[PDB]
């Protein structure tokens, strides 16, 4: 169903693109001849990424460096990126504040910083981007976790932030549908991926089979291109099977059948 040609000449933002899955998504998109604007705080690393993009065959490639603790920077970044590409077809929200596995004691600072960078900035990014995306019938891809669907210890702040994205973005997806905004929203639920940060964070306590970041990046990109609601990716097929929430879908649907302005009408 998917063809890499689908991304040729397309206009794409990737946040969190200095390393990990973000860097990989930038590279896959370059290979397909996209225009790409990448972002992160290290300008020095971003420069290297931007170079291997050009090398790979990107229609173009630029960076803008900054912290997504700064909502003003979030807004300005999207405008600056849009000017650079003359538009925007896809927005890949991927970055997070640095975290590590710990029991939770009192760190309200960390819960709040997590909610700001991981959640609030995804919203501020979306609001800046939407005019451009509405005109191009674009797509928003929101990168998330198993831990944003199910409960695990040692990541409370991080999980609250990721659960937050599901509720916010899944809700506004219903709104776009009834009010005919033809922008797609794709939520990506990943298991352990073999990025360097993840492998460092985990080398103390139960690793299981991390999955490969290269195929992960491409699965995320396939999802967004195909306008799927959700992408799942994990090294175990049991875990894949059990992530779907069929009865949530039934509940959401019974509501929509009963109350959408367009109940009858197809």
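Positions refer to the first chain, counted from 1.
Stretches compared: 14-22, 253-261. Higher mean C-alpha B-factor in the entry: 253-261. Stretches 153-161 and 126-134 differ in mean CA B factor, with 126-134 having the higher one. When the C-alpha B factors of 186, 76, 97, 121 are read from the deposited coordinates, the top value falls at 76. Taking only the listed residues 206, 231, 216, 198, the entry reports the highest CA temperature factor at 206. Looking at the C-alpha B-factors along this chain, the one for residue 85 belongs to the highest third. In the PDB entry, a CA B factor belonging to the lowest third of its chain's modelled residues is recorded for residue 211. Among the modelled residues of the chain, residue 180 sits in the highest third by CA temperature factor in this PDB entry. Placement of the Cα temperature factor of residue 105 within the chain: highest third of the modelled residues, per the deposited record.
Ranked by Cα temperature factor within the chain, residue 68 sits in the middle third according to the deposited record.
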